Colleague: 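This is the structure I want to talk about, given as C-alpha cells.
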Amino acid sequence: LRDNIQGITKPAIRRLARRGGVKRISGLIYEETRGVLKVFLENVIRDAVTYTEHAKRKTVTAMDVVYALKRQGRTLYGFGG
Amino acid sequence: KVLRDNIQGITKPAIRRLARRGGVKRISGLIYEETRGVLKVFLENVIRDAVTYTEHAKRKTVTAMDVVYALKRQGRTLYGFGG
Amino acid sequence: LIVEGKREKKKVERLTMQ
Amino acid sequence: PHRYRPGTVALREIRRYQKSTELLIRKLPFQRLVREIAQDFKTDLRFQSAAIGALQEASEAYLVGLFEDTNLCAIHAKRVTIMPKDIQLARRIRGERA
Amino acid sequence: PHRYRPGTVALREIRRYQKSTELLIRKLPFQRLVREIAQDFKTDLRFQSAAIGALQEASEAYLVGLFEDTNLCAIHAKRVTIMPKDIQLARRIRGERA
Amino acid sequence: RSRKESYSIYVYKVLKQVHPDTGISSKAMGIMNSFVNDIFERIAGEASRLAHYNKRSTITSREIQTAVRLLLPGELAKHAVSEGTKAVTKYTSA
Amino acid sequence: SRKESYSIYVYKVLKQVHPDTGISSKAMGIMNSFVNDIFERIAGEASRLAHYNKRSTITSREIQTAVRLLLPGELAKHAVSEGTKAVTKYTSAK
Amino acid sequence: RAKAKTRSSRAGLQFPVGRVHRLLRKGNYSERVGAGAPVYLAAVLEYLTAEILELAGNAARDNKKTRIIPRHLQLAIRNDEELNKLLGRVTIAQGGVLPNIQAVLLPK
Amino acid sequence: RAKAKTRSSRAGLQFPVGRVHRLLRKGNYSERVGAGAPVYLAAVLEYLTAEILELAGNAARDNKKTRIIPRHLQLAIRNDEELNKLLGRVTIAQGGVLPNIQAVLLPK
Amino acid sequence: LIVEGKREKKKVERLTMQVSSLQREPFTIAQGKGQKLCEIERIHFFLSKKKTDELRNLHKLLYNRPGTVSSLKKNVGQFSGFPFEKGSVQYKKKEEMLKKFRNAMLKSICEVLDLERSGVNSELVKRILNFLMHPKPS
DNA sequence: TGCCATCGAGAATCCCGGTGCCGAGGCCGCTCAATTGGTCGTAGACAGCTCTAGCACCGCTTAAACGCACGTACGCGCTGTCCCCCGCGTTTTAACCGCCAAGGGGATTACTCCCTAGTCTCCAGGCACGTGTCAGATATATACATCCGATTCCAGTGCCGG
DNA sequence: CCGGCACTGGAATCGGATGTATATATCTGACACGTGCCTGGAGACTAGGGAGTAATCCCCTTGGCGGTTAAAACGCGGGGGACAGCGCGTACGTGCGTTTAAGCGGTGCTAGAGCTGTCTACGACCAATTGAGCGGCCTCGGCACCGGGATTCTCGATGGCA
C-alpha cells in the first residue's frame, strides 16, 4: 500500500469544514489537513498495536482502539466498554 | 472577623510584572479587571477542592498536601511541596 | 531489546508568527 | 442561465451538514490508509470492521473540532477565509505543539 | 531632559523578569484574598504557611502561561497590545470556557 | 457460549419511569451503557484515592459522598448527594 | 515518626554522572516528587493492563508494555534496554 | 428460611446493589467494602441516568419521534451546562454537532 | 545462614528493589507481584533520574555553579524534547520560564 | 443534606467575536456659509471641462479624502464653502496644505474657481483660501 | 439619467398520503449469581495527653504603590487593486453492493507444575541528631555597551531679483 | 525665460547618560559527613493454585468478480475579499513627587494535630438454596422511502413616475 493519503479528497475535507461552520477555504488547506490527520492516526494506531501485541493476538479489535483513545484523553461512547 | 474587597490587593504593577514574565510589551487599560476575574475563578475552584479534602479528614487546618491533591485533580501537577 | 550508546537528543521548535 | 452569488451555496451546505450525522469520508480509502499506516508497526496485521469504524468516528470528530477552533482564529483576525496559520495557532494553543 | 522612547524600558523589564525566579505578588494581600475566598466554603479555617505558598506558586504559573497565550492571539491579529478579547479567545480555545 | 452482563434492563426501567411512552434504539442503549461504566470507574477511583490518602482499608459511603462532591458540578452534586442519603436511610431503617 | 524518601539513591546517581557536583534541598525535593509521579504512572498503567487481559499477577512484561505506552520513542527504547539488562543480570548471577 | 428480597427493593432502587457490590469487591479499589457504599453508588448512578433520559426524551418529542437515537442524547447533553461540563471530553458516535453559524458569516 | 546481599547489588542497581517491591504489594495494583517486576521498575526509574541529572549538571556548569537548583532542572527539562513531552503538564516551583521574546516586538 | 424540588437548569454560553459595524453616510451635512460651486454657472462650466486629476487634488483639499471618479464631480459641485472662520485651526491647516501644493496645481485650482492665475504663490494661496470661505458668484 | 421597486421565474424546501420491512418489544426455559444464616478476628471509633505551630498585637524603616502630566506611536477606519476562490457544466473514475469461497486464528477445556504468598529469625542498611567549613550572596569600584539627541553638512527649493 | 542665492531637509557622525557586566573581599548558614540504633529487608522453608501448553472447533476476515451510478476531476468565467497604503486622534509609556502599607524582628497564648491504649461492632468467609436475568425466538408497527403538490426565496430585469 502506497500513497493512500490522497484518498482523502478535497470535497471530503470541504464537507468536514462545512460541518465545522467554515464558509471560505484557502487552497493550501488540504495538504495541511492531510498532515494533521496522519499524525493523529499514527499516534492512535501505535497505541492500539501495542495493546494488541501485549495480548499475543494478530487481530486489532475495537477494544484496543477504545483503550488507546481513552489513553489519549479522547473517550468515545458506543463501541463497547 | 470578616474580610472584604481583597481582590484590589492584586495591584496593576503586579499584573504588569506577570505580563512581562510572559513576554508582553503593551497592555491596554481594561486588562487588569479581566485578570482579576480570571484569578478569582481559578482560586475558587482550587480552594473548594482543597477544603473538601480537609473536611473529609476531619481537620480544621488546610495542609499543603490538600492543595497538592486538588491541583493534581484539576490536571495541574506541582513539584516541590511534598508531592 | 538491548542497544548501544547515548540517545539522539532533539530541539523543541516554537511557533513563530511571520 | 440562473446563477447564485458566492456564499449562498456555502451557507446551504453548512446548514445541510450541521443537521445530519453520517460520516463524510469514504470508507474504502480510509481503510486503505489505516492499513498502510499500521504496516510500519507490525506486518501481517488483521482488523475487525468495528475497529476501523471506531477509528473513522474518532478521526472525523477530531477534525470537525479543529475546524471550529480554526474558524474562531480566522474571525479573530478580521477574515472569513481560513488559512494554515489559523490551524497552526489553534494547535499551538491546544497544546499539541510546543 | 533625558528620556527613553516607549518600548525600551518595556523590553528591559521583559529581559529582567524572564531571568529571575522570585514571586511577583506581595504575600500579605494574597494571603488575605485566599482567606476571604475560603471563608465562604467553611468558617474558622486555619492554613499552614506551605499551603499558601503552594497556592501562590500555582497561581503565578497559571497567569504567566495565560499571558503567553494571550500574546500569541494578539500578534495573530497584527497588534502589539493585548486586549480582553485576546484573553477570551485563548481561554475558549484552551477549553476553560464554552 | 458464556453470558454477558450489561445495564440495559435497568436503563429501560428508568426510562419507563420518566417517559412511559418512549422507546430507545440499540445504539443509544450502547451509549448509555458506556456512560454508566465511565461514571462507575471515575467514582470508584476517586474513592480509592481518598481511602489511600487517609490510611484506611475500607471504602464506606462517606468516601462515596466525598468522591461525588469532588467529581460532579454544583447542582448535580447536591441532588446526587440527596438521592444517595435518601437511599441509605431507607435501606438502614428497613 | 520516621519518613522515607529517595534522597540517598538520587545522590548516588548524581555522584555517578557528575563526580564534583552537589545539589540543594529544594532541587532534591523536586527530584523526589518526580520519582513518585513516574512510579504511580507506570504502576497504574500496568494494573490496567493486567485487568484488561484477566490476569492476577503483574510481571516484567506488563512493566515493559506500560513503559512503551507512556514514554516517548528514544526514551522508551533506552529504558527498555536498561530494564532488560537489569532483569537478565538479576536472573543471570542470582 | 425467610423468602428473599433483593437489596435494591430494600433501598427503593432500580439499579442492582448486589452487582455493584461485586464489582467494587473485585475491582482492586480497597481491602474491604462497607455495607452502604453500593447503595449510595447505585442511587447516584440511577439519578444521573434519569437526568439524561428526561432531556433525551424531550428532544425526541420535539422532533416528532417515538424512540431515542444518539442524536437526541447529543442534543440533550450539549444544550445543558452541567452535563456539558461532566462530559466535556467525550465523543458520542453518530451524534453530530449543534447547529451554529457565526453572525459575521450570514449574508448582509 | 549465608551473608545477606541486597537484590539491588544482584541487579547492578542503585535504586532499592526491596522497597519498590513493598510499595507494589501495598498499593492496590494487583493481587500478586512477580519476581522481576520490581527489578525492571527500579532500573527504569534509575535511568530517568540519571538522564535528568546529567542535563541539569551541564546547565549548572554553564551558569558557573557547583550546585544544582530548581532553575537548572527547569532549563534542562524545557530545552529537551522528550523530557518536555513527558513533563508537559508539570509545574516546577521556583523554576522560572525560558527566555523567549517574539521578533515583532524587537526594535527595527 | 436532603434537597427539595428539581434542579436549576442553566444554559451554555458560547463565545462569539464582535461583528463590528458599518454606516451608509460618512458626513451628516458639511455645508458652509456660501453658494454651491454647482449653482455658480461659470465654476460649474470650468468644473465640467477640467481633468480628473485637478478634481482629485481639489477633493483632497476640500474633504481631506480621495474621491471616487464618479462621485468626484458631484462632491466638488455640492461644496458651499467652509463652515469655519478666518484664524481657526482648520483655516491654518488648509493654508499649510495650500502652501504645500505645486505652483502649477494652485494655477489649475484658480482656473477651476474662476480665480486669476497671475501673481505670487502666497497670493494664489490667499485668493483660493478667501474664495473657499465664501464662494461668491464672480 | 437613473432609481427603485418592480416583480416573477425558477429554484429550493416543506407538508401530507401510501407502502413495505426489519428492528425493537414481548414470552420461555434454565442456570448461576445473589440471598440467608452463622462465626470470628481485627479496623476503626473514642478518650486522654503532649507539645508544636498557627494566630494576634506592636513599632519602624523604606521600598513600592499611587496620582499627574505630556507626548508619541499605535489602533482603527477608509480607499483601491488584483488575483484567487466559488459556482456550474461535462467527462472519467472508482466506491458500493450483491454473491461465492477458503483458510487463519480467536475462543474454549484439560493437565500439570513451577512460582508466589505466608511464617520465623536476624542483622545491617537507612534515618535522626550533631557539627564544621566552604559555596554563594552581598558590597563596592570600574570599565564596557547601548540609546538617543545634536551637531554638522550634501543637494536641492523659495525669494527676489533679473 | 533664468539664475543665482539664499534657505532647508537629510544623513551620517558624534558623544554624553545610563545600564550592566566584571574583578576582589567578607561572611554566614546550609550541606555534607560522622555516629548510634532499630526495624524492614534477606534467607530458608512449605503449600496451593495461576498460568503455560496442547488440542479442537467454528466464526469471521480476506480475496475475487461483475454492474450500476453517483461522486470526483477538470476547465472556465467573474466577483468579492485579502492586502497594502495613508491619515487622524487618543490612550498608554515614561518620569517625578508624595503616601502607604508590606516586611521584619519580637513576644506571648492556646487550639488542635498526632500518638497511644481499649474495646466492640462490622465485614470477610463459608455452605445451602432459588429466582432474576440472559440467550433464543416470534411478531407487528415506527420509520424510511416515494411521490404530488405547495410555499417560500434568491437574483435580475422591468416599468412607471418625476
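All heavy atoms count here, side chains included; hydrogens, waters and symmetry mates do not. Order of the sequence lines fixes the chain letters, A, B, ..., with proteins taken first and strands second; residue numbering starts at 1 for each chain.
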Colleague: Kindly indicate whether the side chain of E:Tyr62, heavy atoms from C-beta on, has any atom under 4.5 Å from the side chain of B:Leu43.
Modeller: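 Sidechains of B:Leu43 and E:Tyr62: no contact.
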
Colleague: With only heavy atoms counted, which part of B:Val41 is less than 4.5 Å from chain E, the side chain, the backbone, both or neither?
Modeller: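 When you check distances to chain E, no heavy atom of B:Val41 falls under 4.5 Å.
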
Colleague: So which residue, E:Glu36, E:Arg32, E:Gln48, ends up with the most heavy-atom pairs under 4.5 Å with chain B?
Modeller: E:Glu36

Colleague: Which residue, E:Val64, E:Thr70, E:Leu72, forms the side-chain contact (heavy atoms from CB on, under 4.5 Å) with E:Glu68?
Modeller: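 Exactly one pass, corresponding to E:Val64.
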
Colleague: So for B:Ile7, is it side chain, backbone, both, or neither that comes closer than 4.5 Å to the heavy atoms of chain E?
Modeller: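 Looking at B:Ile7, backbone and side chain both touch chain E.
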
Colleague: Relative to chain B, which segment of E:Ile82 carries a heavy atom at a distance below 4.5 Å: side chain, backbone, both, or neither?
Modeller: both

Colleague: Would you mind checking which part of B:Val24 comes under 4.5 Å of any heavy atom in chain E, side chain (CB onward), backbone (N, CA, C, O), both or neither?
Modeller: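 Looking at B:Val24, backbone and side chain both touch chain E.
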
Colleague: Tell me, side chain or backbone of E:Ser20 under 4.5 Å from chain B's heavy atoms, or both, or neither?
Modeller: both

Colleague: Closest approach of E:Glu60 and E:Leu24, non-hydrogen atoms and distance?
Modeller: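 Taking E:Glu60 first and E:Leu24 second, the nearest heavy atoms are OE1-N, 3.2 Å.
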
Colleague: Using heavy-atom distances under 4.5 Å, tell me whether B:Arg76 contacts chain E through its side chain, its backbone, both, or neither.
Modeller: side chain

Colleague: For E:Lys42, does the NZ atom have more than 12 heavy-atom neighbours from other residues, nucleotides or ligands under 6.0 Å away?
Modeller: yes

Colleague: Measuring heavy-atom distances to chain E, does B:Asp66 have an atom under 4.5 Å in its side chain, in its backbone, in both, or in neither?
Modeller: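 For B:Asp66, there is no contact with chain E at all, as no heavy atom is under 4.5 Å.
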
Colleague: Which one, B:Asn6, B:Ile15, B:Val2, leads in non-hydrogen pairs under 4.5 Å with chain E?
Modeller: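 Going by pairs under 4.5 Å, I would pick B:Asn6.
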
Colleague: Given heavy-atom pairs under 4.5 angstrom as the criterion, report whether the side chain, backbone, both or neither of E:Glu96 touches chain B.
Modeller: neither

Colleague: Need one label for B:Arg4: side chain, backbone, both or neither, based on atoms under 4.5 Å from any heavy atom in chain E.
Modeller: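 Backbone only.
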
Colleague: Is E:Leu66 close to chain B through its backbone or its side chain, or both, or neither, when contacts mean heavy atoms under 4.5 Å?
Modeller: side chain

Colleague: Under 4.5 Å from any heavy atom of chain E, what part of B:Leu18 do you find: side chain, backbone, both or neither?
Modeller: both

Colleague: Can you tell me which of B:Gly82, B:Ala50, B:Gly22, B:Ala70 forms the most heavy-atom pairs within a distance under 4.5 Å of chain E?
Modeller: B:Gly22

Colleague: Can you tell which part of B:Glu34 gets under 4.5 Å to a heavy atom of chain E, answering side chain, backbone, both or neither?
Modeller: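 For B:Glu34, side-chain heavy atoms alone lie under 4.5 Å from chain E.
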
Colleague: E:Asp44 versus chain B, heavy atoms under 4.5 Å apart: side chain, backbone, both or neither?
Modeller: backbone

Colleague: At a heavy-atom distance under 4.5 Å, which candidate from E:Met83, E:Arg35, E:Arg16 has the highest pair count against chain B?
Modeller: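 Counting heavy-atom pairs under 4.5 Å, the top option is E:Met83.
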
Colleague: For the side chain of E:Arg26 and the backbone of E:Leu28, is there at least one donor-acceptor N/O pair under 3.5 Å apart?
Modeller: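 No, the answer is negative, given that no donor and acceptor are paired below the 3.5 Å cut-off.
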
Colleague: Is B:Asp49 reaching over with its side chain to a backbone N or O of B:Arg73, donor-acceptor style, under 3.5 angstrom?
Modeller: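 No, because the side chain of B:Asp49 does not come within donor-acceptor range (under 3.5 Å) of the backbone of B:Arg73.
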
